[PDB]
Structure formats: C-alpha cells, structure tokens
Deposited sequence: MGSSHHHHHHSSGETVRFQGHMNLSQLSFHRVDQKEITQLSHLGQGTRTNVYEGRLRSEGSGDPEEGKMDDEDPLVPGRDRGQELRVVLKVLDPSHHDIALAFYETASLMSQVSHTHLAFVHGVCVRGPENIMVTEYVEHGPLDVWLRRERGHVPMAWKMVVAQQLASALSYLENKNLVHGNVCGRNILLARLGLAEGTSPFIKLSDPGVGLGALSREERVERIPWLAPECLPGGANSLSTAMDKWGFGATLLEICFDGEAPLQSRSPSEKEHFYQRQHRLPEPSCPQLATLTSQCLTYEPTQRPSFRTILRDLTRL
C-alpha cells in the first residue's frame, strides 16, 4: 500500500493562509490538537496528484533532525492536502530580506552546515529532494540571542520536479540544475545547495531573480555561470557545486568535511 499515513478530514481544521507553493496554497492548521501546516494542492490531474503522493511517501520514509516531518495526506474528493510540521519562524529567504545587512557570516555558516547535513543523509539513502532553495528552508530557532545558533528544517519538495511544465522549471532558475531544464539524480541537489548558498550570502536576493523567463533560459542555454559569493569562505564550494557537468560536483560527505 501507500508509503504515507492517511489523514481523515474530521481530524484537520484549516486556518490562516501563509503563502503559496508550486500549485499549492499553504495554511496554518490543527491536527487532532497539534499545530500543523496544510499544503492544499490545486484542482489537478492524476499525474500531478501522483507526484504529490510520491513527495509524501518519500518524506514519511525519512527521519532527520533537519528535515520537516510529514503527518500524512488527506483526500477530501477533488482536493489533496499534505499535513506537515509547522516551523515557528517560517521561510529563510523572507527572513534574510527582513534582516538584510545584519546577518553575520558565522550564522550563515551554521545554516550551510545544517543544510549539507540534511542533504548528506538523503544522498546516502540515494533519495532526491529536487527543490533546495531558501524558500523551503524553515527557521525553527533564529539564533539572534548571544550564544544561540539558528536551527533549520528543510521542507518537503512539494510537487515532484518530474511533473512540472517547462515554464515552471524556468521559474525555478537559478535553483534548478541545468540538466533538468530539458527534462532524476542526487547530483541535482548539489547544484540546488550551491544556488542556495549564493542566495544566503546575498541576503535572500538570488542571482537572476528579477530577470525574465527568456533571460533565465538564455543564461542556461549559453552555459553562463553564476556570480561568486561576496563571502570568500564559500567561494570554492559554490564554484564546485555550480558546474554544468553533474559528475564533477562534489559529494555531500566532502562538502560537510570542507564546512566543518
């Protein structure tokens, strides 16, 4: 059977809208009464729902201190709701943009180590995330007080990369690995981790973000490389990760070693 827990509609209450994901609306919710996040999938075709079920399946089969927990899935007729863990401070990118110019390098290094740690665990299990970006990095603890460190939870990838259109894949540039643009290896999470490091270094302002779909696509087609981070401590690491040859990208074991 299904490799995820089934949630009955009588067990869940839907509350405040928090934002939007790829083909989803995210709400705060209560699970019979635990505070949760409800990822409501748009009215979708069976191939989209199936890519969503695969994400829930994958997440239910994993357990790591830096990966957000999935409670299960609710199928209320034409609607698919993924019931997941609620993370106190929400998306990292939003927070980096609120605190721009006041985020110390030491703090960013802790986030990077924690993210590499979560991705190393998936690598060893030969599991592909497919959507590593600052928006899917959630802050459990901000680490603002003296002698406190940030604590992140990497969210589920949402609707699997394989189910998305070219337009959606182009929207995921620079986080999307270039081998994914035509359209699944763990080598893609190494590019995604690299692009996330740049976004963190540049305080939630990723390269090419303002740039149009045509421009983003043009950049990948012509094999242009992304800027070097302002931070020189992560410059080598991002140059290695952000290569167009997936085999050339280092393992997370090496990345973790290089970070610590």
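Unmodelled regions of the deposited chain sequence (numbering from residue 1, in sequence order): 1 to 25, 58 to 83, 235 to 238, 316 to 317.
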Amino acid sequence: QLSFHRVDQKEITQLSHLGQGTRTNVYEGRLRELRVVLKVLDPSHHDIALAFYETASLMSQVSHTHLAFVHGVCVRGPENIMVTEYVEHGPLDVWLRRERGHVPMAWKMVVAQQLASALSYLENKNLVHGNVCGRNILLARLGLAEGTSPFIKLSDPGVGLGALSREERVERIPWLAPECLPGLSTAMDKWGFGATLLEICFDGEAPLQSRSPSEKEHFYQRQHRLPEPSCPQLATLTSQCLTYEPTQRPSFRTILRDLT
From here on, numbers count along this sequence of modelled residues.
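Basically, rigid core = biggest C-alpha set you can superpose within 1.5 Å across the two forms.
With 171 to 179 and 74 to 82 as candidates, the stretch whose CA atoms show the greater average offset from this form in 9 other deposited structures of this protein after a core fit is 74 to 82. For the cut-off of one third of the other compared entries, residue 139 stays well clear, since all of them model it along with its flanks. Judged by the one-third criterion across other entries of this protein, residue 184, though modelled here, is missing from at least a third of those that model both its neighbours. When 37 to 45 is weighed against 208 to 216, 208 to 216 comes out higher, by mean CA B-factor as recorded in the entry. Mean C-alpha B-factor is higher over 117 to 125 than over the other stretch, the pair under comparison being 117 to 125 and 132 to 140.
Looking at 85, 156, 79, 93, the one whose CA carries the top B-factor in the deposited record is 79. Residue 199: CA B factor lies in the lowest third for its chain, per the PDB record. Sort the modelled residues of the chain by CA B factor and residue 29 lands in the middle third.
Among the modelled residues of its chain, residue 234 has a C-alpha B-factor that falls in the highest third, as given in the PDB entry. In the deposited entry, the Cα temperature factor of residue 178 places it in the middle third of its chain's modelled residues. Placement of the Cα temperature factor of residue 101 within the chain: lowest third of the modelled residues, per the deposited record.
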